[PDB]
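Here the structure is laid out as structure tokens; the discussion comes afterwards.
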Amino acid sequence: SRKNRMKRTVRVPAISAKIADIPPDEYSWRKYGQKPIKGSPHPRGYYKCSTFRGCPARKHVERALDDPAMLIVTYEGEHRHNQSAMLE
Ligand SMILES: [Zn+2]
């Protein structure tokens, strides 16, 4: 084997008045069901990235335990998008 990677980042926008656990993205996404984490209450949602076809990748959304306000995003697979797709 040729190999797959997982990366993590934390999201939390300062500018907006209210924090949403389902916030807006630069690109569209598709959502799958949600499943619980044992020992950590906080449902983890499964999402896929939809922007422009040919994009390989899947992602999961999780909430920070430090503070419920911060969001954790785990991306698998690389993302390649066309700027015109946003318009699009
Ligand atoms: Zn993507």
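Heads up, the Cβs are rebuilt from the backbone with ideal geometry, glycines too, and the neighbour counts pull from every protein chain shown. FYI, it's all coordinate maths here, none of it is from the lab.
Restricting the calculation to Cα atoms, the stretch 6-87 yields a radius of gyration followed by a Dmax of 13.6, 43 Å. Taking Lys and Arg as +1 and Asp and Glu as -1, the other residues whose beta-carbon sits under 12 Å from that of residue 81 total -2. The Rg/Rh ratio of the stretch 41-88, with Rg taken over Cα atoms and Rh as the Kirkwood radius over Cα pairs, comes to 1.09. Sorting the segments 78-88, 48-58 by their residues' average number of neighbouring beta-carbon atoms within 10 angstrom, most packed first, yields 48-58, 78-88. Taking every DSSP helix (H) stretch of at least 4 residues in the chain, weighting each as -39,500 (n - 2.57) and dividing the sum by the residue count yields a mean residue ellipticity at 222 nm of -500 deg cm²/dmol. Of the peptides 22-30, 61-69, the ranking by mean beta-carbon count within 10 Å, highest at the top, reads 61-69, 22-30.
Each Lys or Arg adds one and each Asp or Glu takes one away; over the other residues whose Cβ falls under 11 Å from the Cβ of residue 52, this sums to +1.
Would you please give the FRET efficiency between residue 82 and residue 7, computed as 1/(1 + (r/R0)^6) with r the Cβ-Cβ distance and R0 = 22 Å, to the nearest 0.05? So the FRET efficiency works out to roughly 0.55.
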